[PDB]
Amino acid sequence: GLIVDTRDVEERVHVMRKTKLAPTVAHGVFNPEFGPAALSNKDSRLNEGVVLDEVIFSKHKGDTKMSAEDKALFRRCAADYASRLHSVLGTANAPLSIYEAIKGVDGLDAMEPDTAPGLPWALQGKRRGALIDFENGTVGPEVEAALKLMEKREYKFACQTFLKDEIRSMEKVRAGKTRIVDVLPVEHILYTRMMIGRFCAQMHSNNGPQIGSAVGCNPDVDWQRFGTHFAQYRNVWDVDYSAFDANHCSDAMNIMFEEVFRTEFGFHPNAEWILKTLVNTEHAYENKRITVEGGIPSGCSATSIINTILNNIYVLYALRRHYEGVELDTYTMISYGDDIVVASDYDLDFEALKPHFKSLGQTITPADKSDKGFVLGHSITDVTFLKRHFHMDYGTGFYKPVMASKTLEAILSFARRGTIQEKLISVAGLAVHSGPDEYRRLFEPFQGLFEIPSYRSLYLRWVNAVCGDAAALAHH
RNA sequence: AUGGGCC
RNA sequence: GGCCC
């Protein structure tokens, strides 16, 4: 978005310097072009004269203003997508109780009891369990007073900026391109879940191309469902965004909230309000307070779903701005936040759509190589979704999510102290789709030191998971 | 060091 | 706890 004000204040909000990710035995074997992100300005791996604080906020390059004609069209697309969305999900979108917003429901996982509480609770040295009882699903006086302010629509807040401790490419580590996490206060997350938690639960349960959303999917079993759907189409596009979250313009965000979360769709009047507080935000980083107009904070309850919804409307927006008679059945798509797969039988020109996306402040590029443009004829077996390829399994004839060996090597090369064993079993579930040989090679540095699941046992687990009958068929 | 999903 | 976003 657009940084409108940068003010220095005496109260310093500390960020986590020093990585918690340490090199494993695999690191010296695979030697990955990957490492922990830079969290300190004094990190020796950084390029000379590169200030980490400057790069972190470089993504805020402005807040695109839309004309009345573009806003009217966006409203049409948002309303059209909202129509489709609420037709599938239903309109039982009444507020969640405090209990259900903490403990979750079918399709909605419980609130994390031990994560960061946000501001100003972090300045008071308070943990999440001091404000909210996560066992019995009740709140303290601090949160209850804040919920009352949210009812009255008078609630104000700041976002706590944390540097994301994660593995990134050595190029990005050297460029100081550390991603940031905008931690929202716990009561905001609770109230958002109260306002739109039913809806979010319904979206997770009804994931697929019909609503254009993969939020809630299990790639192990859903790759077959998605793969067979997208293979039915003549053209498939792997569309990349840059700073997707940051580049949501206030116009687009506001209109989407207005069209999707209407009271006629069964929402409480405050659902629209609480989401609109994400448009213009105040961010606290160290001694600095930064006001930003536009963009979506990462730490909101429904960041992925909001991002997914917008992504759907953007594609419908872009196409209708260029072509005539474009409807929801003109194409098919699945998204998960900024990650997107688009398909159609019409020879659509995505290179021509570039400026139309730019009118929303979004920059689209092909994921497929550098290429120097979007091309036609690509199938689902060419594209990447959720860092996973679409490969056919030799033994079953089902689509399976295959990750790049280079990526798996990177993931395996680092871990937090004493979590290597638990991480190994978790990553094994991802590595099983690379085949027996690559599976053996990936875990070769770990042999005799940890327990590595056999390829056979995870393959049979997957077969049953993707389709129960296919596992029984290999017995008949 | 987070939201959300899945394991 | 890990992964994806």
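Chain identifiers are assigned alphabetically (A, B, ...) following the order of the sequence lines, protein sequences preceding nucleic acid strands; residue numbering begins at 1 within each chain. FYI, side chains are in, hydrogens and waters are out, and symmetry mates aren't considered; it's all heavy atoms of this structure.
- The distance between atom OH of A:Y336 and atom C1' of C:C4, rounded to the nearest whole Å, is 6 Å.
- Across all strands shown, A:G429 has no heavy atoms under 4.0 Å from either base or sugar-phosphate atoms.
- At C:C3, none of the side-chain N or O atoms of A:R388 fall inside 4.0 Å of OP1 or OP2 (strictly under the cut-off).
- Taking atom NZ of residue A:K164 and atom P of nucleotide C:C5, one finds them 10 Å apart after rounding to whole Å.
- The listed nucleotides are B:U2, C:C4, B:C7; the one nearest the side chain of A:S426 is B:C7.
- Distances were taken from every side-chain heavy atom of A:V181 (C-beta onward) to each of B:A1, C:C4, B:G3; the shortest belongs to B:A1.
- In this structure, A:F199 atom CZ and B:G5 atom P are separated by 14 Å, rounded to whole Å.
- Which of B:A1, B:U2, C:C5 sits closest to the side chain of A:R128 comes down to B:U2.
- Of the candidates C:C5, B:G5, C:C4, C:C5 carries the atom nearest the A:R179 side chain, counting heavy atoms from C-beta on.
- Close to B:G3, at under 4.0 Å from its OP1 or OP2, lies a side-chain N or O of A:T115.
- The distance between atom CD1 of A:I189 and atom P of B:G4, rounded to the nearest whole Å, is 7 Å.
- One atom, CG of A:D245, and another, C1' of B:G4, lie 12 Å apart when rounded to the nearest Å.
- The CG-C1' distance, from A:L39 to B:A1, rounds to 8 Å in whole Å.
- Atoms CZ and CG, from A:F257 and A:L278 in turn, are 5.5 Å apart once rounded to the nearest 0.5 Å.
- Contact check on A:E409 versus A:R441 returns a salt bridge, with a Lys/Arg side-chain nitrogen under 4.0 Å from an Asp/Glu carboxylate oxygen.
- Under the 3.5 Å distance criterion, the side-chain polar atoms of A:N312 are matched with a main-chain donor or acceptor of A:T308.
- A:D338 comes within 4.0 angstrom of sugar-phosphate atoms only, judged by non-hydrogen atoms across all strands, and of no base.
- The interatomic distance linking A:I56 (CD1) with B:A1 (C1') rounds to 13 Å, in whole Å.
- Set against C:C5, B:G4, B:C7, the side chain of A:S301 has B:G4 as its closest nucleotide.
- Residues A:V221 and A:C300 each lie close to RNA chain B; by heavy-atom proximity, the contact nearer the 5' end of the strand is made by A:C300.
- A side-chain donor-acceptor contact under 3.5 Å links A:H188 and A:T277.
- In this structure A:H60 satisfies the ring-ring contact (aromatic ring centres under 6.0 Å, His included) test with no other residue, sequence neighbours excluded.
- In this model, the phosphate group of B:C7 is approached by a side-chain N or O of A:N218 to a distance below 4.0 Å at OP1 or OP2.
- Side-chain contact, A:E187 with A:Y155: a donor N or O sits under 3.5 Å from an acceptor N or O.
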Dot-bracket for RNA chain C, 5' to 3', counting Watson-Crick or G-U wobble pairs under 3.5 Å, with [ ] for crossing pairs and | for inter-strand pairs? ||||.
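- One interatomic measurement links the two molecules: CZ of A:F162 to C1' of B:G3, which rounds to 13 Å at whole-angstrom precision.
- Side-chain proximity of A:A116 to B:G3, B:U2, C:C3: nearest is B:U2.
- Between A:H248 and A:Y314, the ring-plane angle classifies as tilted under the 30° and 60° cut-offs.
- When each of C:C4, B:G3, B:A1 is scored by its nearest atom to the side-chain atoms of A:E112, the top-ranked nucleotide is B:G3.
- Nearest to the side-chain atoms of A:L108 among the listed nucleotides C:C5, B:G5, B:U2 stands B:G5.
- Within 4.0 Å of A:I411, counting heavy atoms only, lie sugar-phosphate atoms of the nucleic acid but no base atom.
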Test side chain to side chain contact (heavy atoms under 4.5 Å, CB included) on A:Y399 and A:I380 and set out the steps. CA-CA 10 Å; A:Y399 287 98; A:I380 185 73; 4.1 Å; yes
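- Here the nucleotide nearest the side chain of A:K423, chosen from C:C3, B:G4, B:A1, is C:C3.
- Looking only at atom types and distance, the side chain of A:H391 has no donor-acceptor partner in the side chain of A:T381 under 3.5 Å away.
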